[PDB]
Each structure stands twice: as C-alpha cells, then as structure tokens.
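S.K.: Dumping the structure here so I can ask a few things about it.
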Amino acid sequence: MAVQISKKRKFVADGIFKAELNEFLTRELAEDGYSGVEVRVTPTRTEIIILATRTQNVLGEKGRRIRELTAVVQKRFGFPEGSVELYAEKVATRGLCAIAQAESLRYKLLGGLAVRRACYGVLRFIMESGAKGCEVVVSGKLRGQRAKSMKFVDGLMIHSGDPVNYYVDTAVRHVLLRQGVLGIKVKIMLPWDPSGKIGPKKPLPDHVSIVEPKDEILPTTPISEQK
Amino acid sequence: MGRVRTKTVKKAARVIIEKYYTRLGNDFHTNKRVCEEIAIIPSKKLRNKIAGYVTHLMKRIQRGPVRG
Amino acid sequence: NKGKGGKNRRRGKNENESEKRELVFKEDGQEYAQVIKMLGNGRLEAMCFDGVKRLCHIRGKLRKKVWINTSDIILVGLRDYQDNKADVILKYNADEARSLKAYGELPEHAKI
RNA sequence: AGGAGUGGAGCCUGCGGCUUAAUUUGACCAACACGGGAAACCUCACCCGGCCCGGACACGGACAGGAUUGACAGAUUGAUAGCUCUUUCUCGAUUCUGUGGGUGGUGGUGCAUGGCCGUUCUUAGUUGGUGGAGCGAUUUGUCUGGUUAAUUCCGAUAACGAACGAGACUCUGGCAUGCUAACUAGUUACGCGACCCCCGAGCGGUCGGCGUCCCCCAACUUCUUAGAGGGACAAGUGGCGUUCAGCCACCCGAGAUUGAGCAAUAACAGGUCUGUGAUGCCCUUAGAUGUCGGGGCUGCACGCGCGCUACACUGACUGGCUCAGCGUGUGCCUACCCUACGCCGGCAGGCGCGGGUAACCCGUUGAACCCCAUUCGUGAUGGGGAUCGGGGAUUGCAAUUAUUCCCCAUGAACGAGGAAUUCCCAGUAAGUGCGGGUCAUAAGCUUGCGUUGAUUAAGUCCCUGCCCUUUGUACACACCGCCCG
RNA sequence: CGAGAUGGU
C-alpha cells in the first residue's frame with residue numbers, strides 16, 4: 001500500500017472481511033459443530049480463533065484440516081506466507097448457543113426423524129441446560145402438499161425494547177428434503193449472570209431489588225466506652 | 001396527559017417503607033438519596049418516580065392506616 | 001393486472017388468457033358453430049356452418065370462467081350417438097375468428 | 001373552525017387502449033415518480049441475422065505415413081467471423097465419433113415451498129396451571145362502579161398465583177461562566193512590531209479608532225469539540241375527588257405534552273421463483289430457451305394517477321448591500337475523485353501549476369427568499385415561456401428518433417378554475433435554496449438540512465371508521481351473506 | 001321518521 005486508504009473505507013473493509021470468513025467457515029464446518037470466529041492482530045501476524053463443539057474434527061488426523069484451512073485463507077485473502085495462524089477452541093455451555101442447536105436439529109431432521117419427536121428433543125435439552133425460556137419454529141410442507149407451521153415454547157420470552165439485543169440469542173436455517181425446503185428458527189432467552197459468562201452482566205430495566213435490614217437492637221440506655 | 005403510576009413503581013415503594021420507615025421523611029431530595037443506597041434501581045428516571053411515591057405515602061401514614 | 005369485474009373476491013388465480021394462445025383447428029368428430037340463443041341451466045342453441053342446428057352444453061371445465069354469449073363463435077364436439085346433442089370445447093376471440101376465416105377454415109356465414 | 005390546495009391551462013412522468021417485426025414484464029384503502037425501473041451501447045428478458053461449446057465422466061470405435069488444431073489469398077459477408085467454397089501449408093494424442101449421462105437457463109408454476117416485506121390494526125389486546133360451573137361445545141379468572149393515553153391504577157370478588165403486549169428501555173432536542181484539557185479549536189492581553197486616518201482630551205504622541213496584518217519560549221477555556229457526573233418527581237401552594245386512584249389553576253425553574261426506534265396471539269390462497277451457488281416438480285439442451293451487429297422498451301384519434309411553471313404591481317427587470325446547517329472527496333477486480341491561484345474567450349469551455357487519504361486542502365463553505373435604490377403603468381403588457389429556425393462547446397467506442405450545456409431569433413394556452421376531493425394543530429402549514437442516492441454524460445423523483453414564519457382549535461359523534469358491553473338472526477363461503485313468485 | 005334496489009372469479 002504505497003499511500004494509506006482513508007478511515008471511512010478502512011473501517012468498512014475490515015467488516016466486509018469478517019462477513020466473508022464467517023460464510024466460508026459456516027458451510028465447511030456445518031456437521032463439525034461450528035458456532036463462531038474471532039480475529040486479532042499483532043506485529044507481522046494475524047491470529048484467527050474458531051469455536052466448535054467437536055474440535056478434533058476441525059483438526060483432522062494429524063492437523064491436516066488446520067493446515068488446509070490455513071493455506072486457503074492465506075491464498076484467498078492475500079496475506080503473505082506464514083503471517084496467518086488458526087486455533088480451534090471448544091464451545092462452553094453448548095445448550096445456550098442458538099447456532100449449535102439449529103444445526104443439530106437440521107441434521108436430526110435430515111436423518112429422517114419425525115418432526116415433533118425431534119423438536120421436543122431440543123426443547124428439553126435447552127431448558128435442562130439452564131435457559132430462562134425458548135421458542136422453536138418449523139415451517140413448510142409438513143405432512144401434505146399444502147404448507148403449515150409448528151411453534152414449540154417454554155419459559156420466559158421478550159419481544160420489544162433494547163434488552164432484546166443482549167438477553168435473546170437467535171438462529172435461522174434451511175433443510176432440503178425430497179419434497180422441497182423447510183425452514184427452522186430457534187430463539188433462547190439467557191439467564192442473568194453477575195460475572196461468569198453464562199449470560200449478560202447487565203440486569204433487566206424494571207427488576208428493582210431491595211437490600212434487607214439486619215442486626216439492630218431496639219432498647220438503649222446511655223453509656224460511654226473509652227479506647 | 002396521564003400521570004398514573006404503574007405497578008413496578010407502586011410495589012417497590014411499599015416494600016421500601018415496610019423495611020426502612022425509620023430512615024424516611026417529607027424531603028424528596030433526602031428520600032431520593034436513601035432509596036439509592038437501600039436498593040438496586042437500574043435507571044435514574046425510575047429512582048426519581050419511586051422516591052416520589054414514597055414521599056406521597058409518608059404524608060398519608062402520618063394521618064392513619066394504609067391497608068397494604 | 002387490470003380487473004374488469006368489481007368485488008372482494010381476489011381469492012382465485014388470475015385468468016392470463018394471453019401470450020402463447022396458439023390457434024386451434026378441428027380434428028375428427030368436431031365442428032365450428034355460432035351461438036343462436038342461450039337458455040337456462042348451462043345450455044344453449046347453436047348453428048354449425050354446414051347447416052345442422054343442435055342443442056349444446058357447457059363442459060364442467062368452462063363453468064364460471066369462459067363466459068359464452070349470443071352470436072359468439074365456438075368449437076363443438078359431436079357424439080357418435082344422440083346426434084341432436086353436443087358439448088362446447090373452446091371459444092374464439094374476434095381476433096382469432098378472423099384468423100380462422102383468413103386461413104379459409106370457415107364458410108362466408110360467420111359474423112365477426 | 002380555518003389555511004395551502006388538487007379537479008380547469010402548457011409541459012414532465014407512471015398506467016390502460018390503439019398501432020407494430022418487437023413496441024419484454026410484474027402490480028388494479030393495502031396497483032399507477034412503485035420493482036430503489038433517470039434503457040444511446042451494456043443492462044435486456046422482446047424483434048431481425050450470424051459465430052461458438054464453456055456436451056464432466058464411463059463404455060465402444062477410429063488413430064503415430066498419425067486422432068485432431070490453426071490460417072494467407074480470391075469468392076462470400078453488415079463484418080479483417082478460415083462461417084462457408086477453391087487451394088495446401090500447420091499442430092501432435094489435449095481431441096473426434098456413437099450410446100448412456102450431465103450442465104446451464106431474467107424459461108413455467110408465488111394456487112407446490114423457505115426467507116423477507118406489507119396488511120388486518122396504532123388501537124388495547126392475548127394465554128396456560130390448580131380450583132369452581134355445565135352430559136357437552138364452552139365458561140369464570142379477564143368485573144358493577146370510579147380513574148387513565150393504556151386489560152393504566154383503585155377497589156370489588158368462586159377464584160388463587162403467574163406469562164406476553166403497554167410502560168420501563170435505546171438514540172435524539174433544550175440547560176451547567178461547575179469538572180477533565182486542546183499549535184488538525186479559539187479568546188483576551190502584551191514584549192511588542194507594521195499599514196491607514198486625524199474624527200479624539202489632545203500633534204503627525206505615550207494615550208484614540210480600524211484588522212481573517214504578523215511573531216509569543218504570555219495567560220486562559222466564555223465562544224468550538226466531547227468524555228464523566230448533575231437536573232424534573234405531579235416534588236411545592238390553593239381548589240375538586242366513595243377525600244383513595246387521580247384531575248384543574250398557580251409559584252419557582254433551561255424545562256411542567258420534544259421527536260423517532262423497537263413491538264404480542266391468530267391470520268391473508270397479499271407481494272416476491274426477475275436479489276441469490278435459497279428450492280421441489282415440469283420444460284428446453286448443438287438448426288439451443290448458454291456471445292457479437294442492428295432495432296424496440298420513447299411509437300399516438302383517445303380515458304386516468306403523482307407532479308413542475310403561472311395567470312402579475314403584496315409584481316417583473318437592472319444595480320448595490322449582508323447572513324446557514326446536514327454531507328461528500330484520489331474506486332482495493334472495476335481505473336473515474338474534491339478543487340484554490342495565474343493566463344486566453346461574450347458564454348459554455350480551454351491551458352498551466354499547487355493542496356487534500358481530510359477539525360489540517362476546496363472553506364471564514366461571501367446560498368436563495370428577504371433588504372436599499374432605479375425603470376415600466378392595468379395593456380395577454382417589460383405578466384407567461386410552450387412550440388420551432390440557425391450556429392458553438394463538453395462526455396463517449398457511437399449522440400439522427402434532437403444526452404447534457406451556451407448564444408441570437410419565434411412568442412401558444414392561461415385573467416384564479418364545474419360536479420367532486422387530499423393533507424395539516426407550533427419553530428408546525430406554506431414560501432426559499434443547499435447536500436446525499438442513481439452518475440462516463442444528467443433532476444421537473446426521493447431521502448436528509450438550514451433559513452423567513454402565520455390565520456384557526458383546545459371540541460364533538462353529525463359523516464367515514466375503531467374499541468368494550470347488552471340484544472336479535474333463517475348468516476358461518478360469515479350482509480359483497482341467505483332467499484320468494 | 002325524505003329517497004336507500006342488486007352481487008362471475
């Protein structure tokens with residue numbers, strides 16, 4: 001770069017890069033249980049951290065797939081030789097991640113399991129994992145040539161105002177069967193977690209809580225006490 | 001117009017008075033400071049509304065019983 | 001596109017009597033006819049151009065779709081028995097009826 | 001109650017009908033300046049012609065005196081397409097050929113589907129668990145009354161305890177001489193320094209006036225930027241309220257309704273396959289429904305929709321003076337950006353030479369209406385500027401069916417608009433100009449910003465509709481229903 | 001107490 005690009009173009013181009021990388025990884029690592037990518041920079045080096053539920057499938061027999069993925073990421077995005085490193089990392093609390101639950105429901109349906117038996121199978125596992133509530137939806141040609149939908153729901157679920165940006169986790173997916181495409185949508189509502197990264201640290205806007213009064217003595221008589 | 005107070009305000013004010021009656025009085029600006037240290041309230045604008053109805057209830061309790 | 005009736009009932013699929021309306025001629029067992037009178041009950045009186053008048057009936061596929069009228073031009077299917085009676089197969093627009101007569105397919109009797 | 005209108009005129013632009021080789025097509029409150037749809041080519045799907053394989057792979061055949069590839073010249077052709085015909089060089093196992101099978105498609109079905117969006121519907125609405133009532137569909141909770149913008153609160157009570165919507169929440173506007181602290185932001189002051197004026201107590205001065213004239217190794221944060229905190233609660237006083245929940249006026253105060261975003265359950269045969277490597281089934285597949293050349297999308301007796309300019313004197317024309325805010329900027333394949341200053345030309349425009357990847361350069365963004373002086377004189381007039389002749393620049397591979405721009409000339413209808421009908425309550429309506437999108441060339445559209453700034457209301461259910469309750473029914477395809485001679 | 005019929009998708 002013989003003269004540097006302006007800050008408006010620089011900040012937009014850095015966002016366009018993260019979007020294409022997330023699409024490539026989404027469709028390479030679908031059955032391997034992918035759920036997100038994180039990227040960080042240091043002098044002469046870029047480190048990419050990738051989250052999945054079955055990390056040994058991301059590596060392969062002696063690390064083959066990490067070496068193949070390092071090669072194609074460098075080849076496509078134009079990094080110089082050896083400046084790119086890929087690290088696989090294991091997903092914590094996989095029942096509270098909406099993308100891993102949308103993909104496992106997609107592969108469970110694609111194997112020929114019945115729709116209600118599959119949907120109550122994930123609805124139980126999300127609520128046993130410690131969510132405050134959830135909503136699962138399937139739609140398309142469910143049983144016959146005319147389209148239908150099903151809602152499955154449990155616990156609490158908010159729809160309006162700013163808290164939706166940090167208390168609700170969501171995913172949408174497609175599955176192709178011999179008669180055409182079905183849609184899947186998954187929503188999960190997270191628990192409040194003061195510190196520990198199960199959920200958000202910020203409380204709900206209308207949850208006031210009062211501290212309890214303690215240990216007073218009702219009677220008194222006048223006395224003095226020297227040190 | 002409309003100045004009616006919702007159940008989130010009216011319930012929090014009653015629970016404060018049941019526990020801390022001996023701290024409270026008729027000055028809004030002192031009640032506003034007490035309610036900030038005895039409770040966790042997410043918004044400054046909600047804290048002002050709670051201390052307002054607490055100040056209204058203290059002036060009623062000085063005359064006779066309040067059923068709640 | 002343009003409606004030409006007026007009602008609540010947008011509940012159907014649109015008629016699209018357009019584009020590849022490929023021109024249809026007779027096979028064996030068929031005739032061209034002009035409507036002379038319309039009766040009740042989904043039936044009509046029609047004259048074909050070789051001069052045998054018949055009582056004629058709307059096929060179940062054309063009900064409440066292809067509205068027939070007096071002096072209109074139609075394609076009719078004959079029966080191998082009961083020669084006084086027949087069934088309607090198609091209606092020709094005044095744009096198609098002139099093309100039939102331009103191909104010499106109709107005697108100089110039909111009105112357009 | 002009123003304001004500005006629209007419907008009448010000329011022109012722009014979307015739709016139907018007609019015309020045509022083709023004038024590609026979706027859509028009929030909730031279609032018609034809408035598909036971000038401003039088509040010269042491309043886009044491109046339509047119409048007239050011509051090259052090409054970009055037909056994987058499998059099996060069989062043909063084949064190293066050879067499977068196959070490419071081409072000069074003449075004829076041919078819109079054509080410098082070796083397309084094809086005559087001729088005779090060239091390449092080297094990569095192809096060719098028959099059968100099977102694939103592959104592509106702005107082809108068909110939105111009435112086969114996913115995703116997204118619109119609408120019912122801007123209002124206050126919706127639902128389990130355990131208990132009570134009915135053989136049952138169902139019901140109560142979810143209410144007689146008062147109160148609120150609100151299924152918002154009070155209270156009542158065969159129900160008790162909860163969930164979503166509402167509200168809270170997020171962004172934004174108006175206040176801080178208090179805090180943090182600035183050569184990519186300023187002020188004040190002086191060591192002072194410089195130009196101009198004497199108008200000034202008084203000189204041509206220490207001292208006065210004027211400055212986007214210039215240094216500070218002066219002091220500072222009022223004006224600009226932007227981080228943290230503060231502030232408003234129906235909190236205070238007087239009335240009215242089953243004296244509760246609330247409602248009205250007033251003091252003090254920057255301020256006692258700022259404006260947007262997000263939004264439930266259940267639906268619709270609503271729109272979209274022409275946004276997609278989202279997609280089932282059907283069609284087509286070498287004389288192709290997968291690339292180049294030319295034409296069309298603009299065609300004009302006629303009906304309709306959203307708009308621009310006007311009918312003048314509360315004006316038009318010619319000079320002079322003086323004030324904004326929101327933004328964008330060297331294109332990463334893809335090859336283009338925003339402009340000061342000097343010179344040539346009436347103008348559009350041309351040449352030279354610098355700054356800017358931006359609180360740094362265009363830039364103190366010298367904006368329009370408005371403001372001051374002049375000319376015209378109630379005349380289709382010096383109002384209005386449609387229609388049409390001749391000449392000159394700029395973009396581009398190409399401007400004719402006129403791309404856009406400049407100049408002289410020509411000088412239509414129109415004198416405040418029939419029956420009808422739209423939007424609007426305060427920095428609002430209306431007037432007035434400037435940025436962004438689309439862009440090689442270019443707004444009469446749309447999405448934002450500032451500037452000048454009113455009249456009329458503080459209400460009602462009459463007209464068109466929405467919410468809740470009681471009531472009647474021969475309706476459930478649900479009054480655009482059903483039905484008799 | 002004016003006049004207020006009818007119904008392809």
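Each chain of the structure tokens is named A, B, ... in the order shown, its residues numbered from 1; ligands are numbered from 1 in display order.
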Could you pull out the helix (DSSP H, G or I) residues of chain B, going by DSSP on the backbone, and write them as number ranges by chain?

M.R.: B: 7-23, 28-34, 44-61

S.K.: Excluding residue 65 (chain C) and any residue of its chain fewer than 5 positions from it, enumerate the residues within 9 Å of it, using only C-alpha atoms (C1' of nucleotides), and give them as a list in words.

M.R.: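 Surrounding residues, per the criterion: residues 15 of chain C; 8 and 9 of chain E.
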
S.K.: Restrict the distance test to only C-alpha atoms, flag each residue of chain B within 9 Å of chain A, and return the flagged residues as a list in words.

M.R.: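 Only these qualify: residues 8, 12, 15, 16, 19, 20, 37, 38, 39, 40, 41, 42, 43 and 46 of chain B.
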
S.K.: Which of these, C:106, C:44, C:94, C:100, has the shortest distance to residue 68 (chain C) once you count only C-alpha atoms?

M.R.: C:44

S.K.: Mind dumping a table of every region 7-49 of chain D residue within 12 Å of region 107-121 of chain D, with the nearest atom pair and its distance in Å to one decimal, using only C-alpha atoms (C1' of nucleotides), sorted by chain and rising number, as CSV?

M.R.:
```
residue,atom,partner,partner_atom,distance
D:26,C1',D:110,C1',11.7
D:29,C1',D:119,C1',10.3
D:30,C1',D:119,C1',5.7
D:45,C1',D:107,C1',10.1
```

S.K.: Can you tell me how far CA of residue 113 (chain A) sits from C1' of residue 266 (chain D), in Å to one decimal?

M.R.: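 So the two atoms, CA of residue 113 (chain A) and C1' of residue 266 (chain D), lie 29.0 Å apart.
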
S.K.: Could you list, as number ranges by chain, every residue of chain B that has an atom within 6 Å of an atom of chain D, counting only C-alpha atoms (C1' of nucleotides)?

M.R.: B: 48-49, 52

S.K.: With C-alpha atoms retained, could you export that selection as an mmCIF file, in the first residue's frame?

M.R.:
```cif
data_model
loop_
_atom_site.group_PDB
_atom_site.id
_atom_site.type_symbol
_atom_site.label_atom_id
_atom_site.label_comp_id
_atom_site.auth_asym_id
_atom_site.auth_seq_id
_atom_site.Cartn_x
_atom_site.Cartn_y
_atom_site.Cartn_z
ATOM 1 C CA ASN B 48 -36.972 9.608 40.871
ATOM 2 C CA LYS B 49 -40.505 8.080 40.379
ATOM 3 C CA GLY B 52 -41.807 10.482 44.585
#
```

S.K.: Pick out the chain C residues within 9 Å of chain E. Count only C-alpha atoms (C1' of nucleotides). Give them as a list in words.

M.R.: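 The contacting residues on chain C are residues 5, 7, 9, 10, 11, 12, 13, 14, 15, 64, 65 and 67 of chain C.
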
S.K.: Could the residues in this selection be saved with N, CA, C and O atoms as a PDB file, in the first residue's frame?

M.R.:
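File written: part30.pdb
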```
ATOM      1  N   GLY C   5     -64.352  -7.064 -13.804  1.00  0.00           N
ATOM      2  CA  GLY C   5     -65.428  -7.092 -12.742  1.00  0.00           C
ATOM      3  C   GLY C   5     -65.008  -6.282 -11.499  1.00  0.00           C
ATOM      4  O   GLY C   5     -63.899  -5.738 -11.422  1.00  0.00           O
ATOM      5  N   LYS C   7     -65.332  -6.503  -7.020  1.00  0.00           N
ATOM      6  CA  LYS C   7     -65.742  -7.306  -5.851  1.00  0.00           C
ATOM      7  C   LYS C   7     -64.626  -7.460  -4.803  1.00  0.00           C
ATOM      8  O   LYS C   7     -63.472  -7.143  -5.073  1.00  0.00           O
ATOM      9  N   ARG C   9     -63.584 -10.523  -4.041  1.00  0.00           N
ATOM     10  CA  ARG C   9     -63.048 -11.873  -4.321  1.00  0.00           C
ATOM     11  C   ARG C   9     -61.789 -11.871  -5.212  1.00  0.00           C
ATOM     12  O   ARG C   9     -61.808 -12.290  -6.367  1.00  0.00           O
ATOM     13  N   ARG C  10     -60.663 -11.471  -4.605  1.00  0.00           N
ATOM     14  CA  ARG C  10     -59.255 -11.681  -5.037  1.00  0.00           C
ATOM     15  C   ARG C  10     -58.684 -13.068  -4.677  1.00  0.00           C
ATOM     16  O   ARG C  10     -57.477 -13.263  -4.722  1.00  0.00           O
ATOM     17  N   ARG C  11     -59.544 -14.008  -4.261  1.00  0.00           N
ATOM     18  CA  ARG C  11     -59.210 -15.321  -3.671  1.00  0.00           C
ATOM     19  C   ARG C  11     -58.834 -16.400  -4.705  1.00  0.00           C
ATOM     20  O   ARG C  11     -58.389 -17.482  -4.336  1.00  0.00           O
ATOM     21  N   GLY C  12     -59.035 -16.130  -5.992  1.00  0.00           N
ATOM     22  CA  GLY C  12     -58.675 -17.017  -7.106  1.00  0.00           C
ATOM     23  C   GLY C  12     -57.255 -16.811  -7.642  1.00  0.00           C
ATOM     24  O   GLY C  12     -56.519 -15.947  -7.174  1.00  0.00           O
ATOM     25  N   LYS C  13     -56.895 -17.566  -8.684  1.00  0.00           N
ATOM     26  CA  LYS C  13     -55.695 -17.351  -9.509  1.00  0.00           C
ATOM     27  C   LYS C  13     -56.068 -16.709 -10.844  1.00  0.00           C
ATOM     28  O   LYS C  13     -57.080 -17.075 -11.444  1.00  0.00           O
ATOM     29  N   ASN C  14     -55.306 -15.708 -11.282  1.00  0.00           N
ATOM     30  CA  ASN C  14     -55.694 -14.824 -12.391  1.00  0.00           C
ATOM     31  C   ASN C  14     -55.727 -15.515 -13.774  1.00  0.00           C
ATOM     32  O   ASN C  14     -55.024 -16.493 -14.028  1.00  0.00           O
ATOM     33  N   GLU C  15     -56.597 -15.033 -14.667  1.00  0.00           N
ATOM     34  CA  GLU C  15     -57.050 -15.804 -15.841  1.00  0.00           C
ATOM     35  C   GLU C  15     -55.965 -15.995 -16.914  1.00  0.00           C
ATOM     36  O   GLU C  15     -55.904 -17.054 -17.538  1.00  0.00           O
ATOM     37  N   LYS C  64     -68.249 -20.852 -15.057  1.00  0.00           N
ATOM     38  CA  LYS C  64     -67.881 -19.617 -14.340  1.00  0.00           C
ATOM     39  C   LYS C  64     -66.444 -19.134 -14.629  1.00  0.00           C
ATOM     40  O   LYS C  64     -65.747 -18.629 -13.746  1.00  0.00           O
ATOM     41  N   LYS C  65     -65.999 -19.305 -15.876  1.00  0.00           N
ATOM     42  CA  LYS C  65     -64.658 -18.957 -16.364  1.00  0.00           C
ATOM     43  C   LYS C  65     -64.725 -18.316 -17.747  1.00  0.00           C
ATOM     44  O   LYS C  65     -64.477 -17.125 -17.895  1.00  0.00           O
ATOM     45  N   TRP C  67     -66.983 -17.080 -20.276  1.00  0.00           N
ATOM     46  CA  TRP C  67     -68.373 -16.652 -20.447  1.00  0.00           C
ATOM     47  C   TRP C  67     -68.772 -16.587 -21.929  1.00  0.00           C
ATOM     48  O   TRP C  67     -68.248 -15.771 -22.691  1.00  0.00           O
TER      49      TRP C  67
END
```

S.K.: Return as an MDAnalysis selection string the residues belonging to chain A that are within 7 Å of chain D, counting only C-alpha atoms (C1' of nucleotides).

M.R.: chainID A and resid 4:6 140:141 145 159:163 174 179:183 205:206

S.K.: Take the residues just selected and output them with N, CA and C atoms as an mmCIF file, in the first residue's frame.

M.R.:
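This went into out-v1.cif:
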```cif
data_model
loop_
_atom_site.group_PDB
_atom_site.id
_atom_site.type_symbol
_atom_site.label_atom_id
_atom_site.label_comp_id
_atom_site.auth_asym_id
_atom_site.auth_seq_id
_atom_site.Cartn_x
_atom_site.Cartn_y
_atom_site.Cartn_z
ATOM 1 N N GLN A 4 -1.685 5.249 2.285
ATOM 2 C CA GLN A 4 -2.744 4.637 3.080
ATOM 3 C C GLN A 4 -4.148 5.122 2.681
ATOM 4 N N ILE A 5 -5.126 4.215 2.760
ATOM 5 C CA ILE A 5 -6.551 4.468 2.491
ATOM 6 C C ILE A 5 -7.197 5.273 3.642
ATOM 7 N N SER A 6 -8.270 6.026 3.365
ATOM 8 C CA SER A 6 -8.972 6.833 4.381
ATOM 9 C C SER A 6 -9.713 5.994 5.433
ATOM 10 N N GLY A 140 -43.133 -25.150 6.440
ATOM 11 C CA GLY A 140 -43.047 -25.702 5.091
ATOM 12 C C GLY A 140 -44.101 -26.780 4.860
ATOM 13 N N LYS A 141 -43.847 -27.709 3.937
ATOM 14 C CA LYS A 141 -44.746 -28.831 3.613
ATOM 15 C C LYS A 141 -44.636 -29.976 4.625
ATOM 16 N N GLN A 145 -49.425 -31.676 0.673
ATOM 17 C CA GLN A 145 -48.981 -30.745 -0.378
ATOM 18 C C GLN A 145 -49.233 -29.253 -0.065
ATOM 19 N N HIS A 159 -39.923 -9.571 23.500
ATOM 20 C CA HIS A 159 -40.027 -9.208 22.079
ATOM 21 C C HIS A 159 -39.702 -7.739 21.767
ATOM 22 N N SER A 160 -39.847 -6.802 22.709
ATOM 23 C CA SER A 160 -39.747 -5.350 22.466
ATOM 24 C C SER A 160 -38.670 -4.646 23.303
ATOM 25 N N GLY A 161 -38.267 -3.445 22.876
ATOM 26 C CA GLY A 161 -37.276 -2.596 23.555
ATOM 27 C C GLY A 161 -35.821 -3.031 23.380
ATOM 28 N N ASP A 162 -34.883 -2.277 23.954
ATOM 29 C CA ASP A 162 -33.449 -2.562 23.809
ATOM 30 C C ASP A 162 -32.920 -3.857 24.474
ATOM 31 N N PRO A 163 -33.464 -4.388 25.589
ATOM 32 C CA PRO A 163 -32.944 -5.610 26.213
ATOM 33 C C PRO A 163 -32.845 -6.840 25.297
ATOM 34 N N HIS A 174 -32.113 -23.490 6.909
ATOM 35 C CA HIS A 174 -32.854 -24.199 5.859
ATOM 36 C C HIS A 174 -32.499 -25.692 5.892
ATOM 37 N N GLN A 179 -39.265 -33.427 -1.020
ATOM 38 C CA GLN A 179 -40.419 -32.627 -1.458
ATOM 39 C C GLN A 179 -40.162 -31.112 -1.547
ATOM 40 N N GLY A 180 -39.010 -30.612 -1.094
ATOM 41 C CA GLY A 180 -38.679 -29.180 -1.061
ATOM 42 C C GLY A 180 -38.040 -28.727 0.257
ATOM 43 N N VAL A 181 -37.825 -27.420 0.392
ATOM 44 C CA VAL A 181 -37.177 -26.802 1.564
ATOM 45 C C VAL A 181 -38.149 -26.610 2.734
ATOM 46 N N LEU A 182 -37.685 -26.892 3.954
ATOM 47 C CA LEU A 182 -38.292 -26.472 5.223
ATOM 48 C C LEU A 182 -37.418 -25.420 5.915
ATOM 49 N N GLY A 183 -38.033 -24.507 6.656
ATOM 50 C CA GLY A 183 -37.336 -23.535 7.489
ATOM 51 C C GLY A 183 -37.289 -23.962 8.952
ATOM 52 N N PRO A 205 -34.350 -3.850 32.853
ATOM 53 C CA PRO A 205 -34.581 -2.462 33.268
ATOM 54 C C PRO A 205 -35.614 -2.217 34.371
ATOM 55 N N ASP A 206 -36.551 -3.139 34.589
ATOM 56 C CA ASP A 206 -37.634 -3.000 35.572
ATOM 57 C C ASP A 206 -37.512 -3.974 36.764
#
```

S.K.: Quick one: residues within 10 Å of residue 88 (chain C), only C-alpha atoms (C1' of nucleotides) counted, chain neighbours fewer than 4 positions away excluded, as a PyMOL selection string?

M.R.: chain C and resi 30-33+43-44+56-60+62+68+74-78

S.K.: Applying 7 Å and only C-alpha atoms (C1' of nucleotides), which residues near residue 36 (chain C) remain after dropping the ones on its own chain fewer than 2 positions away? List them as a list in words.

M.R.: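 Once the nearby chain positions are removed, what remains is residues 34, 45, 46, 47, 70 and 71 of chain C.
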
S.K.: Save the residues we just selected, N, CA and C atoms, as a PDB file, in the first residue's frame?

M.R.:
```pdb
ATOM      1  N   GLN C  34     -71.788 -21.050 -34.345  1.00  0.00           N
ATOM      2  CA  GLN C  34     -72.188 -19.738 -33.845  1.00  0.00           C
ATOM      3  C   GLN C  34     -73.396 -19.876 -32.905  1.00  0.00           C
ATOM      4  N   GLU C  45     -78.475 -23.003 -27.748  1.00  0.00           N
ATOM      5  CA  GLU C  45     -78.826 -23.389 -29.113  1.00  0.00           C
ATOM      6  C   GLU C  45     -77.785 -22.816 -30.081  1.00  0.00           C
ATOM      7  N   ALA C  46     -77.177 -23.673 -30.899  1.00  0.00           N
ATOM      8  CA  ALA C  46     -76.077 -23.304 -31.786  1.00  0.00           C
ATOM      9  C   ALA C  46     -76.256 -23.862 -33.199  1.00  0.00           C
ATOM     10  N   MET C  47     -75.795 -23.104 -34.192  1.00  0.00           N
ATOM     11  CA  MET C  47     -75.774 -23.497 -35.603  1.00  0.00           C
ATOM     12  C   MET C  47     -74.328 -23.642 -36.090  1.00  0.00           C
ATOM     13  N   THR C  70     -74.577 -14.671 -26.968  1.00  0.00           N
ATOM     14  CA  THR C  70     -75.250 -14.754 -28.279  1.00  0.00           C
ATOM     15  C   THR C  70     -74.356 -14.215 -29.408  1.00  0.00           C
ATOM     16  N   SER C  71     -74.424 -14.821 -30.597  1.00  0.00           N
ATOM     17  CA  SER C  71     -73.579 -14.540 -31.777  1.00  0.00           C
ATOM     18  C   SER C  71     -72.082 -14.837 -31.625  1.00  0.00           C
TER      19      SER C  71
END
```
